[PDB]
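Have a look at start27.txt below; it lists compact mmCIF, C-alpha atoms.
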```txt
# COMPACT_ATOMS: atom_id res chain seq x y z
CA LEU A 1 -7.80 0.46 -14.38
CA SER A 2 -9.52 3.40 -16.12
CA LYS A 3 -12.01 4.50 -13.41
CA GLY A 4 -13.49 3.56 -10.02
CA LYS A 5 -11.96 2.60 -6.66
CA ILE A 6 -10.27 -0.60 -5.47
CA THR A 7 -9.40 -1.21 -1.82
CA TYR A 8 -6.69 -3.82 -1.41
CA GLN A 9 -5.81 -5.92 1.57
CA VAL A 10 -1.98 -5.91 1.89
CA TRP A 11 0.97 -7.43 3.78
CA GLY A 12 4.53 -6.14 3.97
CA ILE A 13 7.74 -8.07 4.49
CA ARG A 14 10.85 -6.85 6.31
CA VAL A 15 14.06 -8.59 7.29
CA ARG A 16 14.69 -8.99 11.03
CA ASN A 17 17.34 -11.14 12.64
CA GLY A 18 18.19 -12.78 9.28
CA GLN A 19 14.60 -13.87 8.58
CA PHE A 20 11.67 -12.44 6.67
CA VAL A 21 8.83 -11.22 8.85
CA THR A 22 5.38 -10.13 7.72
CA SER A 23 3.22 -7.22 8.84
CA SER A 24 -0.15 -7.28 10.77
CA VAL A 25 -7.67 -5.96 11.68
CA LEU A 26 -6.14 -5.48 8.26
CA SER A 27 -3.84 -3.25 6.27
CA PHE A 28 -5.68 -1.49 3.43
CA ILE A 29 -4.42 0.45 0.46
CA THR A 30 -7.05 2.21 -1.69
CA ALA A 31 -6.48 3.26 -5.31
CA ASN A 32 -8.76 5.88 -6.81
CA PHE A 33 -8.50 5.43 -10.61
CA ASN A 34 -10.69 8.52 -11.25
CA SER A 35 -8.45 11.04 -9.42
CA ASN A 36 -5.22 8.95 -9.82
CA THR A 37 -4.59 9.04 -6.03
CA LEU A 38 -3.74 6.31 -3.52
CA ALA A 39 -3.46 5.99 0.24
CA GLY A 40 -3.27 3.54 3.07
CA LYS A 41 -1.34 2.09 5.94
CA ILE A 42 0.57 -1.15 6.55
CA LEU A 43 0.02 -2.12 10.16
CA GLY A 44 3.11 -3.65 11.86
CA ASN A 45 3.67 -5.85 14.95
CA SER A 46 6.64 -6.39 17.28
CA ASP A 47 8.70 -8.25 14.62
CA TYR A 48 7.83 -6.23 11.51
CA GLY A 49 8.21 -3.04 13.55
CA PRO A 50 6.68 0.36 12.77
CA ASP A 51 3.49 0.87 10.72
CA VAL A 52 3.89 2.33 7.24
CA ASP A 53 1.70 5.31 6.41
CA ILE A 54 0.96 6.32 2.81
CA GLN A 55 -0.78 9.67 2.31
CA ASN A 56 -1.44 11.24 -1.10
CA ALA A 57 0.40 8.87 -3.40
CA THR A 58 -0.05 9.07 -7.20
CA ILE A 59 -1.24 6.65 -9.91
CA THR A 60 -0.23 6.57 -13.58
CA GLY A 61 -1.69 3.71 -15.58
CA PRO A 62 -0.77 0.39 -13.90
CA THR A 63 1.94 2.02 -11.70
CA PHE A 64 1.90 4.06 -8.51
CA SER A 65 4.38 5.95 -6.38
CA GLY A 66 4.78 8.52 -3.65
CA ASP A 67 6.04 9.16 -0.16
CA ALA A 68 5.55 7.07 2.93
CA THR A 69 6.47 7.45 6.55
CA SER A 70 7.49 4.79 9.03
CA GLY A 71 8.98 5.11 12.52
CA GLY A 72 9.63 8.84 11.95
CA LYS A 73 11.46 8.24 8.65
CA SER A 74 10.30 9.12 5.16
CA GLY A 75 10.28 6.56 2.41
CA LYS A 76 9.80 6.43 -1.32
CA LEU A 77 7.00 4.18 -2.59
CA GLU A 78 6.98 2.49 -5.98
CA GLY A 79 4.53 -0.19 -7.08
CA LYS A 80 2.38 -1.82 -9.68
CA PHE A 81 -1.14 -3.07 -10.22
CA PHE A 82 -1.54 -6.59 -11.67
CA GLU A 83 -9.76 -10.66 -7.31
CA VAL A 84 -6.89 -8.47 -8.56
CA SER A 85 -3.57 -7.68 -6.96
CA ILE A 86 -1.05 -4.96 -6.04
CA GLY A 87 2.62 -4.96 -5.07
CA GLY A 88 5.40 -2.54 -4.38
CA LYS A 89 8.44 -1.53 -2.44
CA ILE A 90 9.26 1.19 0.00
CA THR A 91 12.79 2.45 0.58
CA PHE A 92 13.88 4.57 3.56
CA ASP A 93 17.26 6.20 2.90
CA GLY A 94 17.52 7.41 6.51
CA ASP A 95 17.07 3.88 7.89
CA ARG A 96 17.19 1.03 5.36
CA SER A 97 16.09 -1.57 7.97
CA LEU A 98 12.61 -0.05 7.40
CA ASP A 99 12.68 -1.01 3.72
CA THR A 100 9.75 -3.30 2.84
CA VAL A 101 8.23 -5.12 -0.15
CA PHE A 102 4.48 -5.60 0.00
CA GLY A 103 1.70 -7.34 -1.90
CA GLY A 104 -2.06 -7.66 -1.60
CA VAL A 105 -5.31 -8.67 -3.26
CA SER A 106 -8.51 -6.68 -3.76
CA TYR A 107 -10.69 -6.47 -0.60
CA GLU A 108 -13.46 -4.52 -2.33
CA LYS A 109 -13.90 -3.23 -5.92
CA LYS A 110 -16.20 -0.35 -6.92
CA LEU A 111 -15.31 0.09 -10.61
CA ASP A 112 -18.29 2.47 -11.12
CA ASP A 113 -17.41 4.51 -8.03
CA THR A 114 -17.23 8.19 -9.12
CA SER A 115 -15.75 9.63 -5.88
CA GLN A 116 -12.33 11.37 -5.89
CA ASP A 117 -11.18 10.27 -2.40
CA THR A 118 -9.04 7.34 -1.18
CA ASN A 119 -11.26 6.38 1.79
CA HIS A 120 -11.37 2.59 2.08
CA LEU A 121 -14.25 0.55 0.75
CA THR A 122 -15.91 -1.76 3.33
```
Take the structure in the file and write it out as structure tokens.
Amino acid sequence: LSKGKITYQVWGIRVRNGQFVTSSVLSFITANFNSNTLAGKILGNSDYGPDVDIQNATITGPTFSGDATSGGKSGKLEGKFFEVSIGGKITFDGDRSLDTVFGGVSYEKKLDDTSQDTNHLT
């Protein structure tokens, strides 16, 4: 994970009414391994509830973290990189019903991408 961009296709899980419900037209998260930045959005639905937005997260080695917002609440993102895959968790201290674990697989890899941005690959 030394350079390039990977755009992942991701799904979150929340608990609603004593069951696990998934999120989501696709949810992307993009990791830029040049600039060590990450961004994306988990799209919800009526059961999973509000979308999760991730602007300007950070990458260090095979780990990433940052802030997220969902339903007006701010969350703390932590996750890992492992077709390759990604997973993580987002905690919302102001409303813990928004807490979610997510995972995903690579949608598009550009390992020789030399851009600095976290715009999704298509």
So which residues touch residue 86 of chain A within 9 Å, counting all atoms listed in the file, skipping near sequence neighbours fewer than 4 positions away, as a PyMOL selection string? chain A and resi 8+10+79-82+102-106
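Of the listed residues A:48, A:6, A:83, A:13, the one whose atoms come nearest to residue 28 of chain A is A:6, with distances taken using only C-alpha atoms.
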Rank nothing, just name the residue among A:57, A:98, A:1, A:15 nearest to residue 74 of chain A, using all atoms listed in the file. A:98
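You can rank A:70, A:24, A:46, A:36 by their closest distance to residue 58 of chain A using all atoms listed in the file, and at the top of that list sits A:36.
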Please provide the set of residues having any atom within 9 Å of residue 49 of chain A, restricted to only C-alpha atoms, with same-chain residues fewer than 3 positions apart removed, written as a PyMOL selection string. chain A and resi 14+23+43-46+71+98
So, with all atoms listed in the file as the atoms that count, which of A:11, A:37, A:118, A:75 lies closest to residue 61 of chain A? A:37
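The closest residue to residue 12 of chain A, picked from A:50, A:113, A:55, A:39 and counting all atoms listed in the file, is A:50.
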Your completed segment 41-67 of chain A with N, CA, C and O atoms, as a compact mmCIF listing (two decimals), in the coordinates of the input:
```txt
# COMPACT_ATOMS: atom_id res chain seq x y z
N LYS A 41 -2.23 2.30 4.81
CA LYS A 41 -1.34 2.09 5.94
C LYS A 41 -1.09 0.57 6.08
O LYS A 41 -2.02 -0.27 6.00
N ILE A 42 0.19 0.21 6.19
CA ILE A 42 0.57 -1.15 6.55
C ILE A 42 0.76 -1.16 8.05
O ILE A 42 1.62 -0.46 8.58
N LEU A 43 -0.09 -1.93 8.72
CA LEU A 43 0.02 -2.12 10.16
C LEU A 43 1.12 -3.13 10.51
O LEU A 43 1.09 -4.25 10.02
N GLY A 44 2.05 -2.75 11.39
CA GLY A 44 3.11 -3.65 11.86
C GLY A 44 2.71 -4.55 13.03
O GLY A 44 1.53 -4.90 13.21
N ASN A 45 3.73 -4.94 13.79
CA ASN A 45 3.67 -5.85 14.95
C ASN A 45 5.08 -5.80 15.55
O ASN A 45 5.91 -5.03 15.07
N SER A 46 5.38 -6.57 16.59
CA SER A 46 6.64 -6.39 17.28
C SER A 46 7.83 -6.82 16.40
O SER A 46 8.93 -6.29 16.57
N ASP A 47 7.62 -7.75 15.47
CA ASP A 47 8.70 -8.25 14.62
C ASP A 47 8.85 -7.37 13.42
O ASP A 47 9.97 -6.97 13.10
N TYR A 48 7.75 -7.09 12.72
CA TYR A 48 7.83 -6.23 11.51
C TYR A 48 8.20 -4.79 11.87
O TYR A 48 8.82 -4.10 11.09
N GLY A 49 7.80 -4.35 13.06
CA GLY A 49 8.21 -3.04 13.55
C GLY A 49 7.17 -2.00 13.18
O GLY A 49 5.97 -2.30 13.12
N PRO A 50 7.62 -0.75 12.97
CA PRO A 50 6.68 0.36 12.77
C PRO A 50 5.71 0.22 11.58
O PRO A 50 6.08 -0.30 10.52
N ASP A 51 4.49 0.73 11.77
CA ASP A 51 3.49 0.87 10.72
C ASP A 51 4.08 1.67 9.56
O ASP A 51 4.98 2.49 9.78
N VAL A 52 3.54 1.47 8.36
CA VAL A 52 3.89 2.33 7.24
C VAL A 52 2.68 3.13 6.77
O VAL A 52 1.68 2.56 6.31
N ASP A 53 2.77 4.45 6.87
CA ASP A 53 1.70 5.31 6.41
C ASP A 53 1.94 5.87 5.00
O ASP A 53 3.02 6.32 4.70
N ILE A 54 0.93 5.78 4.16
CA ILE A 54 0.96 6.32 2.81
C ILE A 54 -0.18 7.31 2.65
O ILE A 54 -1.35 6.91 2.52
N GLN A 55 0.16 8.61 2.68
CA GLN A 55 -0.78 9.67 2.31
C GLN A 55 -0.48 10.22 0.89
O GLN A 55 0.69 10.49 0.54
N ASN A 56 -1.52 10.38 0.09
CA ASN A 56 -1.44 11.24 -1.10
C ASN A 56 -0.38 10.72 -2.08
O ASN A 56 0.45 11.49 -2.59
N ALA A 57 -0.38 9.42 -2.33
CA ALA A 57 0.40 8.87 -3.40
C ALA A 57 -0.31 9.09 -4.77
O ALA A 57 -1.49 9.51 -4.83
N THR A 58 0.40 8.78 -5.84
CA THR A 58 -0.05 9.07 -7.20
C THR A 58 -0.12 7.78 -8.02
O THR A 58 0.62 6.82 -7.75
N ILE A 59 -1.05 7.77 -8.98
CA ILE A 59 -1.24 6.65 -9.91
C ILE A 59 -1.04 7.13 -11.36
O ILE A 59 -1.56 8.17 -11.77
N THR A 60 -0.29 6.36 -12.12
CA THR A 60 -0.23 6.57 -13.58
C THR A 60 -0.33 5.24 -14.31
O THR A 60 0.58 4.44 -14.24
N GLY A 61 -1.45 5.00 -14.98
CA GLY A 61 -1.69 3.71 -15.58
C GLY A 61 -1.70 2.58 -14.56
O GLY A 61 -2.43 2.64 -13.55
N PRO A 62 -0.89 1.53 -14.81
CA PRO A 62 -0.77 0.39 -13.90
C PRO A 62 0.35 0.51 -12.84
O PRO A 62 0.74 -0.51 -12.27
N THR A 63 0.85 1.73 -12.62
CA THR A 63 1.94 2.02 -11.70
C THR A 63 1.45 3.03 -10.66
O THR A 63 0.51 3.80 -10.91
N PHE A 64 2.12 3.04 -9.51
CA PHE A 64 1.90 4.06 -8.51
C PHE A 64 3.19 4.36 -7.74
O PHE A 64 4.14 3.58 -7.74
N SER A 65 3.21 5.52 -7.11
CA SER A 65 4.38 5.95 -6.38
C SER A 65 3.98 7.02 -5.38
O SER A 65 2.86 7.51 -5.39
N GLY A 66 4.91 7.35 -4.50
CA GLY A 66 4.78 8.52 -3.65
C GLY A 66 5.70 8.42 -2.46
O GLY A 66 6.71 7.73 -2.50
N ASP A 67 5.32 9.11 -1.40
CA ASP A 67 6.04 9.16 -0.16
C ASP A 67 5.30 8.32 0.87
O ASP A 67 4.08 8.12 0.81
```
